[PDB]
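Just the one chain here, laid out as structure tokens, in the form deposited in one PDB entry.
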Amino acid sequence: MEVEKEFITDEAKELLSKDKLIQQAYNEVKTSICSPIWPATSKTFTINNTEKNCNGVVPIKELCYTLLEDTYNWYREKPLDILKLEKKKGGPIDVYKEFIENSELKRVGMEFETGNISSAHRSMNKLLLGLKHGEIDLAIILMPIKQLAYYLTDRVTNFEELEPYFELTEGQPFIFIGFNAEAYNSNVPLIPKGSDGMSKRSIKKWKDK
């Protein structure tokens, strides 16, 4: 899989330029989002393009999550204090990791969005809430680009559609990443939908795993 579109707020730009931990975080993310391949035996991600919305979205995220968790030690389901403790209403953040160098601690919150475009709004708002409350130092959202989305489940989050809203993160360190497949071909099998598209293995939860 490969990164094609991207928006980085001025605050995130600053971090990326002068902070080694953030640079590291960003690189781990980038490598992970580029790792998904299809089919399982391929070196690149070729999406079946027989028709509009022909592919499921779940199997697409597995390799990226696996690398983040197993190779880079990122955790899943990190509850935000303001939601879990304070307002006691709201779910956790998708992916999370604490980077450390001596006395410096950098907490990065991330969301791999393949849900409906409206869900991307909730994901952005939750990360924004965490950022505004000083719980994370950087927020990231990964999502397919419009071209790729065309062959995935209808209405799935896509870079272009959420783009008009990136400006609501102004004043905060935020990175939006849009990925695309390397090839489009009807020769590869369809990414399964529903039950058949799952497995998703035992994940590394922050509560611990």
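Residues that one form lacks are left out of the comparison. We call the rigid core whatever largest set of C-alpha positions still superposes within 1.5 Å between the two forms. Residue numbers here begin at 1 and follow the sequence given.
The discussion below concerns the form deposited in another entry, not included here.
Once you line up the core between the shown form and the other one, the Cα of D196 ends up 2 Å or more from where it was.
If you compare C-alpha positions, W74 and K200 are 3 angstroms or more farther apart in the other entry than in the form on display.
With a change of no less than 3 Å, the CA-CA distance between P39 and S202 is larger in the other entry than in the form shown. In a core-based superposition, a mobile segment is defined as at least three consecutive common residues whose CA atoms each shift by 2 Å or more; between the shown form and the other one, just one such segment exists, spanning 195 to 207.
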